[PDB]
C-alpha cells in the first residue's frame, strides 16, 4: 500500500513497484546512470507485518542488468526500509556485482546508497 507506487532516487532513476499480499515486490527499474537503458525487471521481498513502534519496514530487491536492448552482465541488490509519514521515503544501501573472472573478483562489487521518494524530478 504505502510501498506500492512510483519512486525516484537522487540520480533520477525510476523504481515502479507493487507490494503484494504474499510479501513480494514486483515491478521495473530504470537507471539514469551506468550501462543501462529503458526498463529492467525487478523482484524482491518486504516485511508485510512491520513493527508498530515507529520502526521502518524492511525490504530488498534485485535487478539483473539484462533486458531486450542491453546486457551489462551485472546485478544490483538494494537493501533498506520504507519510512512512512508526510514525506514517505525508502532508504537503501546497495551492492552491484559485475560478472568477473578470478583474477578480477576482488574488484567485482560496487557499494552505494540510494534514497527514494515519490517526488518526480524536474
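Residue numbers count along the first chain shown, from 1.
- When the two stretches 89 to 97 and 45 to 53 are set side by side, the higher mean Cα temperature factor goes to 45 to 53.
- Checked against the record, the higher mean CA B factor of 28 to 36 and 80 to 88 lies with 80 to 88.
- Comparing C-alpha B-factors across 16, 111, 107, 21 in the deposited entry, the largest value falls on 21.
- Per the PDB record, residue ranking by Cα B-factor puts residue 62 in the lowest third of the chain.
- Residue-level temperature factors show residue 74 in the lowest third of its chain, judged at the C-alpha atom.
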